[PDB]
$ cat entry_9.cif   # mmCIF, C-alpha atoms and all ligand atoms
data_protein
#
loop_
_atom_site.group_PDB
_atom_site.id
_atom_site.type_symbol
_atom_site.label_atom_id
_atom_site.label_comp_id
_atom_site.auth_asym_id
_atom_site.auth_seq_id
_atom_site.Cartn_x
_atom_site.Cartn_y
_atom_site.Cartn_z
ATOM 1 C CA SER B 979 12.926 -15.322 8.373
ATOM 2 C CA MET B 980 10.921 -16.977 11.145
ATOM 3 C CA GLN B 981 13.660 -16.237 13.698
ATOM 4 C CA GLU B 982 13.728 -12.573 12.656
ATOM 5 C CA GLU B 983 9.969 -12.269 13.123
ATOM 6 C CA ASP B 984 10.450 -13.727 16.625
ATOM 7 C CA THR B 985 12.942 -10.921 17.287
ATOM 8 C CA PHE B 986 10.549 -8.221 16.097
ATOM 9 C CA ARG B 987 7.698 -9.692 18.161
ATOM 10 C CA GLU B 988 9.891 -9.468 21.268
ATOM 11 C CA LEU B 989 10.630 -5.835 20.376
ATOM 12 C CA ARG B 990 6.878 -5.097 20.059
ATOM 13 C CA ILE B 991 6.160 -6.684 23.452
ATOM 14 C CA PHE B 992 8.904 -4.547 25.012
ATOM 15 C CA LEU B 993 7.669 -1.346 23.329
ATOM 16 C CA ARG B 994 4.071 -1.986 24.414
ATOM 17 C CA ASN B 995 5.255 -2.408 27.988
ATOM 18 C CA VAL B 996 7.272 0.850 27.946
ATOM 19 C CA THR B 997 4.429 2.787 26.298
ATOM 20 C CA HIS B 998 1.873 1.435 28.785
ATOM 21 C CA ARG B 999 4.044 2.604 31.702
ATOM 22 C CA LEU B 1000 4.203 6.097 30.209
ATOM 23 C CA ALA B 1001 0.467 6.151 29.455
ATOM 24 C CA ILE B 1002 -0.542 5.340 33.050
ATOM 25 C CA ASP B 1003 1.642 8.126 34.512
ATOM 26 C CA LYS B 1004 -0.610 11.026 35.594
ATOM 27 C CA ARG B 1005 1.984 13.592 34.481
ATOM 28 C CA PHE B 1006 1.591 12.409 30.879
ATOM 29 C CA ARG B 1007 -2.217 12.334 30.588
ATOM 30 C CA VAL B 1008 -2.111 15.246 28.133
ATOM 31 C CA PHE B 1009 -0.065 13.086 25.730
ATOM 32 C CA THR B 1010 -2.157 9.901 25.891
ATOM 33 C CA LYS B 1011 -4.656 10.619 23.077
ATOM 34 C CA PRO B 1012 -4.712 12.755 19.919
ATOM 35 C CA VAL B 1013 -5.749 16.386 20.283
ATOM 36 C CA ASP B 1014 -9.516 16.712 19.896
ATOM 37 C CA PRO B 1015 -10.204 19.055 16.936
ATOM 38 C CA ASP B 1016 -13.462 20.394 18.399
ATOM 39 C CA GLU B 1017 -11.652 21.386 21.599
ATOM 40 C CA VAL B 1018 -8.523 22.825 19.927
ATOM 41 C CA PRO B 1019 -9.115 23.576 16.211
ATOM 42 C CA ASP B 1020 -5.861 25.550 15.899
ATOM 43 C CA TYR B 1021 -3.654 22.593 16.909
ATOM 44 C CA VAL B 1022 -4.057 20.882 13.516
ATOM 45 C CA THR B 1023 -2.839 24.185 12.031
ATOM 46 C CA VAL B 1024 0.434 24.618 13.918
ATOM 47 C CA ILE B 1025 1.547 20.999 14.441
ATOM 48 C CA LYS B 1026 2.263 19.348 11.087
ATOM 49 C CA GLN B 1027 2.917 15.820 12.432
ATOM 50 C CA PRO B 1028 0.776 15.108 15.518
ATOM 51 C CA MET B 1029 1.848 12.230 17.754
ATOM 52 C CA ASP B 1030 0.545 10.754 21.011
ATOM 53 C CA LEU B 1031 0.892 7.581 23.046
ATOM 54 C CA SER B 1032 -2.279 5.934 21.700
ATOM 55 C CA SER B 1033 -1.017 6.436 18.149
ATOM 56 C CA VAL B 1034 2.333 4.968 19.189
ATOM 57 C CA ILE B 1035 0.482 1.861 20.426
ATOM 58 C CA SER B 1036 -1.364 1.667 17.083
ATOM 59 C CA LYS B 1037 1.923 1.850 15.165
ATOM 60 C CA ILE B 1038 3.497 -0.881 17.331
ATOM 61 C CA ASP B 1039 0.536 -3.156 16.537
ATOM 62 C CA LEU B 1040 0.838 -2.268 12.824
ATOM 63 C CA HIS B 1041 4.481 -3.448 12.917
ATOM 64 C CA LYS B 1042 5.793 0.035 12.069
ATOM 65 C CA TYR B 1043 8.709 -0.020 14.582
ATOM 66 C CA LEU B 1044 11.562 -2.381 13.699
ATOM 67 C CA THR B 1045 14.091 -0.767 16.065
ATOM 68 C CA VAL B 1046 13.992 1.148 19.329
ATOM 69 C CA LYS B 1047 15.511 4.076 17.406
ATOM 70 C CA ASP B 1048 12.382 4.309 15.246
ATOM 71 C CA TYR B 1049 10.230 4.234 18.391
ATOM 72 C CA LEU B 1050 12.256 6.934 20.156
ATOM 73 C CA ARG B 1051 11.831 9.175 17.111
ATOM 74 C CA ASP B 1052 8.087 9.208 17.772
ATOM 75 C CA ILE B 1053 8.614 9.780 21.527
ATOM 76 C CA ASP B 1054 10.908 12.686 20.593
ATOM 77 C CA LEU B 1055 8.164 13.963 18.263
ATOM 78 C CA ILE B 1056 5.625 13.999 21.107
ATOM 79 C CA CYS B 1057 8.087 16.115 23.090
ATOM 80 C CA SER B 1058 9.216 18.456 20.301
ATOM 81 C CA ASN B 1059 5.589 19.064 19.267
ATOM 82 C CA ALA B 1060 4.657 20.072 22.821
ATOM 83 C CA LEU B 1061 7.589 22.507 23.055
ATOM 84 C CA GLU B 1062 6.632 23.968 19.675
ATOM 85 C CA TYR B 1063 2.999 24.445 20.686
ATOM 86 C CA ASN B 1064 3.976 25.922 24.107
ATOM 87 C CA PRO B 1065 6.733 28.529 23.618
ATOM 88 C CA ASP B 1066 5.408 31.253 26.002
ATOM 89 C CA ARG B 1067 6.729 32.000 29.506
ATOM 90 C CA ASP B 1068 3.168 31.559 30.815
ATOM 91 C CA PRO B 1069 2.862 28.860 33.536
ATOM 92 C CA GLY B 1070 0.416 26.809 31.445
ATOM 93 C CA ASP B 1071 3.060 26.594 28.712
ATOM 94 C CA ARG B 1072 5.844 25.961 31.227
ATOM 95 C CA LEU B 1073 3.924 23.083 32.834
ATOM 96 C CA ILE B 1074 3.341 21.282 29.526
ATOM 97 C CA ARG B 1075 6.987 21.798 28.520
ATOM 98 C CA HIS B 1076 8.164 20.325 31.817
ATOM 99 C CA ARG B 1077 5.890 17.304 31.424
ATOM 100 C CA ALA B 1078 6.978 16.800 27.816
ATOM 101 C CA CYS B 1079 10.649 16.774 28.762
ATOM 102 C CA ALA B 1080 9.850 14.403 31.626
ATOM 103 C CA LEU B 1081 8.076 12.067 29.198
ATOM 104 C CA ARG B 1082 11.135 12.059 26.917
ATOM 105 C CA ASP B 1083 13.595 11.638 29.797
ATOM 106 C CA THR B 1084 11.546 8.819 31.328
ATOM 107 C CA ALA B 1085 11.349 6.859 28.059
ATOM 108 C CA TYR B 1086 15.099 7.196 27.465
ATOM 109 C CA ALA B 1087 15.886 6.136 31.053
ATOM 110 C CA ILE B 1088 13.701 3.010 30.840
ATOM 111 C CA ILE B 1089 15.369 2.030 27.560
ATOM 112 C CA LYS B 1090 18.860 2.670 28.977
ATOM 113 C CA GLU B 1091 18.191 0.450 32.006
ATOM 114 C CA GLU B 1092 16.132 -2.299 30.371
ATOM 115 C CA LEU B 1093 17.086 -2.725 26.678
ATOM 116 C CA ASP B 1094 20.182 -4.845 26.011
ATOM 117 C CA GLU B 1095 22.329 -3.016 23.456
ATOM 118 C CA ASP B 1096 22.943 -6.300 21.619
ATOM 119 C CA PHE B 1097 19.211 -6.789 21.152
ATOM 120 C CA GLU B 1098 18.900 -3.341 19.583
ATOM 121 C CA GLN B 1099 21.980 -4.004 17.426
ATOM 122 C CA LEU B 1100 20.319 -7.176 16.099
ATOM 123 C CA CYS B 1101 17.108 -5.284 15.292
ATOM 124 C CA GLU B 1102 19.108 -2.652 13.414
ATOM 125 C CA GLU B 1103 21.080 -5.242 11.438
ATOM 126 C CA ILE B 1104 17.874 -7.053 10.444
ATOM 127 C CA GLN B 1105 16.350 -3.712 9.407
ATOM 128 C CA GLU B 1106 19.372 -2.674 7.312
ATOM 129 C CA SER B 1107 19.239 -6.044 5.524
ATOM 130 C CA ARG B 1108 15.724 -5.271 4.223
HETATM 131 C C1 LIG B 1201 -0.881 18.482 24.212
HETATM 132 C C2 LIG B 1201 -0.481 19.964 24.190
HETATM 133 O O1 LIG B 1201 0.633 20.274 23.749
HETATM 134 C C3 LIG B 1201 -1.299 20.910 24.727
HETATM 135 N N1 LIG B 1201 -0.734 22.112 24.988
HETATM 136 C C4 LIG B 1201 -1.556 23.023 25.530
HETATM 137 N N2 LIG B 1201 -1.185 24.274 25.828
HETATM 138 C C5 LIG B 1201 -1.904 25.061 26.662
HETATM 139 O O2 LIG B 1201 -2.916 24.745 27.290
HETATM 140 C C6 LIG B 1201 -1.332 26.461 26.810
HETATM 141 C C7 LIG B 1201 -1.229 27.089 25.430
HETATM 142 N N3 LIG B 1201 -0.634 28.426 25.548
HETATM 143 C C8 LIG B 1201 -1.512 29.244 26.397
HETATM 144 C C9 LIG B 1201 -1.696 28.617 27.777
HETATM 145 N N4 LIG B 1201 -2.218 27.248 27.682
HETATM 146 S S1 LIG B 1201 -3.036 22.380 25.700
HETATM 147 C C10 LIG B 1201 -2.619 20.883 25.081
HETATM 148 C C11 LIG B 1201 -3.561 19.938 24.980
HETATM 149 C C12 LIG B 1201 -4.189 19.404 26.099
HETATM 150 C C13 LIG B 1201 -5.178 18.427 25.980
HETATM 151 C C14 LIG B 1201 -5.570 18.002 24.712
HETATM 152 C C15 LIG B 1201 -6.570 17.050 24.497
HETATM 153 O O3 LIG B 1201 -7.621 17.432 23.980
HETATM 154 N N5 LIG B 1201 -6.359 15.739 24.753
HETATM 155 C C16 LIG B 1201 -7.464 14.795 24.451
HETATM 156 C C17 LIG B 1201 -7.406 13.502 25.269
HETATM 157 O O4 LIG B 1201 -6.524 13.621 26.393
HETATM 158 C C18 LIG B 1201 -5.201 13.836 25.886
HETATM 159 C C19 LIG B 1201 -5.082 15.238 25.316
HETATM 160 C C20 LIG B 1201 -4.976 18.573 23.593
HETATM 161 C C21 LIG B 1201 -3.986 19.535 23.720
#
$ encode --input "entry_9.cif" --output "structure tokens"
Amino acid sequence: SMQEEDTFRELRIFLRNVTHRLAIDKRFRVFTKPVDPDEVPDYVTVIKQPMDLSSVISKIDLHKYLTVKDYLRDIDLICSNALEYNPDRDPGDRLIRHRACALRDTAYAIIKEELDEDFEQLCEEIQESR
């Protein structure tokens, strides 16, 4: 309905604002764009489902997220992918892992403080009705 599309537009505005705040954080610069194949050709090999904050923005604008749960699944994928690609005890690996967990924790904390649970419930009930 027209009212339901108003609800999803509000969700998109909220998700763009959260993603923008993550993308401007210097800690998260490594997650802002897709991995360049000419710089790292072996990334495409190990990581089967690449995700980054620019691609999240693209999916918001393509209306792919109907709930905050669907959005947080892609945030979680950014984090899990980084841990997968960086399993060594080496400090370069440990730094990326720390930043990836901070990205995940920051997104969840913003959502916990700023998303009304009733708004998310409405989004989920509209989604389940389709
Ligand atoms: C994103 C990610 O997970 C990742 N992990 C790395 N791991 C290392 O550098 C470790 C690997 N294990 C050995 C020590 N170094 S490097 C790395 C990584 C860092 C930068 C890019 C990159 O080209 N861009 C392009 C635009 O800006 C955003 C990121 C891709 C992968």
$ residues_near_ligand --input "entry_9.cif" --ligand "ligand LIG 1201 (chain B)" --cutoff "9 Å" --atoms "only C-alpha atoms and all ligand atoms" --output "short mmCIF file (atom, residue, chain, number, x, y, z; two decimals) with C-alpha atoms, in the coordinates of the input"
data_model
loop_
_atom_site.label_atom_id
_atom_site.label_comp_id
_atom_site.auth_asym_id
_atom_site.auth_seq_id
_atom_site.Cartn_x
_atom_site.Cartn_y
_atom_site.Cartn_z
CA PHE B 1006 1.59 12.41 30.88
CA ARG B 1007 -2.22 12.33 30.59
CA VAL B 1008 -2.11 15.25 28.13
CA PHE B 1009 -0.06 13.09 25.73
CA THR B 1010 -2.16 9.90 25.89
CA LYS B 1011 -4.66 10.62 23.08
CA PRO B 1012 -4.71 12.76 19.92
CA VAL B 1013 -5.75 16.39 20.28
CA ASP B 1014 -9.52 16.71 19.90
CA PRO B 1015 -10.20 19.06 16.94
CA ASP B 1016 -13.46 20.39 18.40
CA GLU B 1017 -11.65 21.39 21.60
CA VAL B 1018 -8.52 22.82 19.93
CA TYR B 1021 -3.65 22.59 16.91
CA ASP B 1030 0.55 10.75 21.01
CA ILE B 1056 5.62 14.00 21.11
CA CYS B 1057 8.09 16.11 23.09
CA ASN B 1059 5.59 19.06 19.27
CA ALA B 1060 4.66 20.07 22.82
CA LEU B 1061 7.59 22.51 23.06
CA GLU B 1062 6.63 23.97 19.68
CA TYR B 1063 3.00 24.44 20.69
CA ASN B 1064 3.98 25.92 24.11
CA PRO B 1065 6.73 28.53 23.62
CA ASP B 1066 5.41 31.25 26.00
CA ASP B 1068 3.17 31.56 30.82
CA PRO B 1069 2.86 28.86 33.54
CA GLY B 1070 0.42 26.81 31.44
CA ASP B 1071 3.06 26.59 28.71
CA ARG B 1072 5.84 25.96 31.23
CA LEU B 1073 3.92 23.08 32.83
CA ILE B 1074 3.34 21.28 29.53
CA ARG B 1075 6.99 21.80 28.52
CA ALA B 1078 6.98 16.80 27.82
#
$ atom_distance --input "entry_9.cif" --atom1 "atom CA of residue B:1047" --atom2 "atom CA of residue B:989"
11.4 Å
$ atom_distance --input "entry_9.cif" --atom1 "atom CA of residue B:1054" --atom2 "atom CA of residue B:1106"
22.0 Å
$ residues_around --input "entry_9.cif" --residues "residue B:1049" --least-positions-apart "4" --cutoff "10 Å" --atoms "all atoms listed in the file" --output "list in words"
residues 993, 997, 1034, 1037, 1038, 1042, 1043, 1044, 1045, 1053, 1054 and 1055 of chain B
$ closest_residue --input "entry_9.cif" --among "B:995, B:1032, B:1084, B:985" --to "residue B:1098" --atoms "all atoms listed in the file"
B:985
$ atom_distance --input "entry_9.cif" --atom1 "atom CA of residue B:996" --atom2 "atom CA of residue B:1022"
27.2 Å
$ closest_residue --input "entry_9.cif" --among "B:1083, B:1103, B:1052, B:1092" --to "residue B:992" --atoms "only C-alpha atoms"
B:1092
$ axis_aligned_box --input "entry_9.cif" --around "stretch 1059-1074 of chain B" --padding-each-side "8 Å" --output "AutoDock Vina command-line options"
--center_x 4.0 --center_y 25.5 --center_z 26.4 --size_x 23.2 --size_y 28.9 --size_z 30.3
$ closest_residue --input "entry_9.cif" --among "B:1046, B:1000, B:1058, B:1024" --to "residue B:1076" --atoms "only C-alpha atoms"
B:1058
$ closest_residue --input "entry_9.cif" --among "B:980, B:1089, B:1025, B:1081" --to "residue B:1003" --atoms "all atoms listed in the file"
B:1081
$ closest_residue --input "entry_9.cif" --among "B:1004, B:1079, B:987, B:1091" --to "residue B:1040" --atoms "all atoms listed in the file"
B:987
